[PDB]
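One structure is given here, and the rest of the page talks about it.
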Amino acid sequence: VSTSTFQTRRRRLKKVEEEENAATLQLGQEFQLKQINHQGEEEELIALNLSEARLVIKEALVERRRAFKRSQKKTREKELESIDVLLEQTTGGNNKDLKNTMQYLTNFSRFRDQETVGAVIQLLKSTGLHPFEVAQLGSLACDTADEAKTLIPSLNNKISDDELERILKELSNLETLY
Amino acid sequence: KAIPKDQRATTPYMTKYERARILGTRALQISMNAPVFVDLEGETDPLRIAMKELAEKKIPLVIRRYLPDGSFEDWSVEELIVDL
Amino acid sequence: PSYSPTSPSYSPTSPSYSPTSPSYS
Amino acid sequence: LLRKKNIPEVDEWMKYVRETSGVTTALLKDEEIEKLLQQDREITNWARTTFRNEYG
Amino acid sequence: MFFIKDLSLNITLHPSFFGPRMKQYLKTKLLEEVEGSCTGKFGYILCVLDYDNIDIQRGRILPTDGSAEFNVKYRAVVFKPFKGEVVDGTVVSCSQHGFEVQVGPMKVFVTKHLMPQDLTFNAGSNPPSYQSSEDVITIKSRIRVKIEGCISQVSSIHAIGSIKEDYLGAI
Amino acid sequence: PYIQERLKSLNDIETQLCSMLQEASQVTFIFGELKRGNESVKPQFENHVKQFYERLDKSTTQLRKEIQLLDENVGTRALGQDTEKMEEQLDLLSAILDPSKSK
């Protein structure tokens, strides 16, 4: 038995179209902008820049360790060892995917502190740009507004070159000095 | 859609079929080394174990009673009258 | 996103920052 | 309040400190000299560089 | 990229577990089944969020059998790669055919041909590297790749990617 | 045991560290006089100064060395029941001998 979603659509006999997934912002049916949470409320897609993601997972495993000990009653290279220890505590251990993920995240995160990831998240989610771009803008370090618009091609006409270049400056300024 | 307990209208008594199926199911589970919710007073046959569990209403099963429209009323074996 | 809300404390009862000497005409 | 710059009771141990130095009203020529002398102290501090080589 | 997705998994619990540590075993079995998992529909289901509030709901009875079935509604962090996505990663393997790049849970492979012409394979090195006029790409090097396409393969997703286009390659 | 020697070598390295402190403390007060322009003890300043460096370098080698030794010692290779069981007798027997004749 495998996992299901909040997307209920009834594909009766009519198999296909399964139209390709590209950054023409045409992601899956599953990674659509209009999502639905377990409380039925229509809620927007949640995309994470690897740092926003690093923090989320760390937070979740930290809180899990709490309940695991409760139910039992009756510097980056330094973060890697610290995280690899938390994984030994909460995770199934067979889950090697999370181990690599956490290592990659620790080594590639642009913003260390939660405070930092807070401003990143503000500055960006005010552009009206779709969660995918807003994440790739947070996770890909670009200098020219062309570097950005080339790598994130979906952006193309969505933002001024200057407006994007102004953002790229105040993004570089937020980067935690590793 | 699932009928609320306060609005249930099916028999408060267990049907012959329900009882036969509960006894069948428990006996099957008991036989597949499932945990037994009663003191086996020397018992070894899983049906006689099932009978005993139902006799003391220590069977943790629920009957989902479907109505012709598709809706249903859930009834606990603990709550169903066994006049059979 | 530094923390969440911003910590009030606003104060006019503090030590003091103003002196006084040109009172005389 | 919100537009005011001052110093607190603070300015006072700032005086305790200022008066703790060896100076105050003797002017420019003698003062420039003290600067060269403090610089000589920093140069004698380089001596720390020499001794650090020894720690080796 | 890297999403937070609301998901639900049906678990069929045997009667012997109808004790007080039921929710505890359900939340556990959920994590065993879902965490680590890699699907095509959702990608890599990495970490289940908010353990303390996993909604177990009421478990129905599968009539002839004893067991109860619950639809454990949860929320988790997923990684679903796409074609056109530009990703940063570390080289892992390197051969006369190209080089694999580790991007979080998954490996993205770069063909000798999906790189510029100047970058050429050097077998005569420990470990084997790719050499440009200016650059050197080997086992530890960090690279920015453009995903050309993905293949949903069992318990993983693998992809092909280029470093030929502008603003790509070594970092 | 003869390790009590190695134990005392480290407890002395401990006193060496409390000297790193004691010495550099003078370095503190003496550089106090020095930037005060009074070049009075500038040679003495240099002395206790290379001395704080010296004490901690000796401590640094000495405890670093001690750690090397412990690793070397590590590389090198109920007790209640045993002696007690027998020895029972030895004391009571010897004492029963003592009350029977003496002096």
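Protein chains in written order, with the UniProt record's numbering: chain A, 3 to 76, 118 to 221; chain B, 72 to 155; chain C, 1561 to 1585; chain D, 113 to 168; chain E, 1 to 171; chain F, 4 to 80, 90 to 115.
C-beta: ideal position from N, C-alpha, C; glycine also.
Minimum Cβ-Cβ distance from residue i to chain B less than 8 angstroms
i, result
"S16 of chain E", "yes"
"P127 of chain E", "no"
"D55 of chain E", "no"
Residue interval of the alpha helix (DSSP H) (run including residue i)
i, result
"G19 of chain E", "Neither: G19 of chain E is in no alpha helix (DSSP H) and is coded neither H nor E."
"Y147 of chain A", "139-151"
"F70 of chain A", "54-72"
"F8 of chain A", "Note, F8 of chain A: premise wrong, no alpha helix (DSSP H); not H, not E."
"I152 of chain B", "Run containing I152 of chain B: none; DSSP gives neither H nor E here."
"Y167 of chain D", "141-167"
"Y128 of chain D", "122-130"
"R67 of chain F", "45-78"
"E124 of chain A", "120-133"
Test: residue i CB closer than 8 angstroms to a CB of chain A
i, result
"residue 1548 of chain C", "Outside the displayed range of chain C (1561 to 1585) lies residue 1548 of chain C, so it cannot be described from this structure."
Chain D within 8 angstroms of residue i, Cβ atoms only
i, result
"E36 of chain F", "no"
"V52 of chain F", "yes"
"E26 of chain F", "no"
"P1568 of chain C", "no"
"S1581 of chain C", "no"
"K45 of chain F", "yes"
"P1561 of chain C", "no"
Interface flag, residue i vs chain E, CB-CB below 8 angstroms
i, result
"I134 of chain B", "yes"
"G95 of chain B", "yes"
"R13 of chain A", "no"
Neighbourhood of residue i by C-beta, 8 angstroms cutoff - its chain only, sequence neighbours within 5 removed
i, result
"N10 of chain E", "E69, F70, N71, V72"
"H97 of chain E", "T111, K112"
Minimum Cβ-Cβ distance from residue i to chain C less than 8 angstroms
i, result
"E158 of chain A", "yes"
"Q165 of chain A", "yes"
"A162 of chain A", "yes"
"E121 of chain D", "yes"
Nearest residue (CA-CA) to residue i, options the options
i, options, result
"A49 of chain A", "A:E20, A:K76, A:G42, A:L180", "A:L180"
"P81 of chain E", "E:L114, E:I147, E:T12", "E:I147"
"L24 of chain F", "F:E8, F:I70, F:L104, F:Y56", "F:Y56"
"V154 of chain E", "E:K112, E:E165, E:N126, E:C38", "E:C38"
"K36 of chain A", "E:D88, E:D6, E:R142, E:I139", "E:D6"
"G66 of chain E", "B:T86, B:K123, B:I130, B:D77", "B:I130"
"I59 of chain A", "A:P196, A:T7, A:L148, A:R209", "A:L148"
"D154 of chain B", "B:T86, B:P139, B:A105, B:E114", "B:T86"
"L30 of chain E", "E:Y51, E:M1, E:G124", "E:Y51"
"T118 of chain A", "A:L167, A:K139, A:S152, A:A184", "A:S152"
"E158 of chain A", "A:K17, A:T10, A:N51, A:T219", "A:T219"
"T120 of chain E", "E:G36, E:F3, E:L46, E:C94", "E:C94"
"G104 of chain E", "E:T138, E:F79, E:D118", "E:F79"
"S215 of chain A", "A:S203, A:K201, A:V3, A:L167", "A:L167"
"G124 of chain E", "E:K23, E:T138, E:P116, E:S16", "E:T138"
"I70 of chain F", "F:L13, F:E100, F:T31", "F:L13"
Cβ-based neighbour list, residue i, same chain, cut-off 6 angstroms, excluding 5 preceding and 5 following
i, result
"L94 of chain B", "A121"
"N122 of chain E", "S129, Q131"
"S156 of chain E", "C38"
"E149 of chain B", "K128"
Element boundaries [beta strand (DSSP E), containing residue i]
i, result
"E100 of chain E", "98-103"
"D88 of chain E", "86-95"
"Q131 of chain E", "129-131"
"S162 of chain E", "156-162"
"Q37 of chain A", "36-38"
"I143 of chain E", "142-153"
"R135 of chain B", "133-137"
"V110 of chain E", "106-111"
"residue 243 of chain E", "In the structure displayed, chain E extends from 1 to 171; residue 243 of chain E sits before or after that span and is not available."
"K87 of chain B", "Element bounds for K87 of chain B: not the beta strand (DSSP E) but the alpha helix (DSSP H), 87-102."
"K73 of chain E", "68-79"
"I45 of chain E", "43-49"
Same chain only: Cβ atoms within 7 angstroms of residue i, ignoring 5 sequence neighbours per side
i, result
"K61 of chain F", "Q19"
"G59 of chain E", "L13, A68, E69, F70"
"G149 of chain E", "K83, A159, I160"
"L52 of chain A", "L148, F151, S152, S182"
"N23 of chain A", "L29, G30"
"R155 of chain A", "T219"
"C185 of chain A", "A191, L194, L211"
Test: residue i CB closer than 8 angstroms to a CB of chain H
i, result
"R67 of chain F", "This model lacks chain H altogether, as its protein chains are A, B, C, D, E and F."
The ligand ATP heavy atom lying under 7 angstroms from the CB of residue i
i, result
"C185 of chain A", "Because no ligand of any kind appears in the structure shown, any question about the ligand ATP cannot be addressed here."
TODO: Within the region 165-199 of chain A, note down every full beta strand (DSSP E) run reaching 3 residues or more, in order along the chain.
DONE: none
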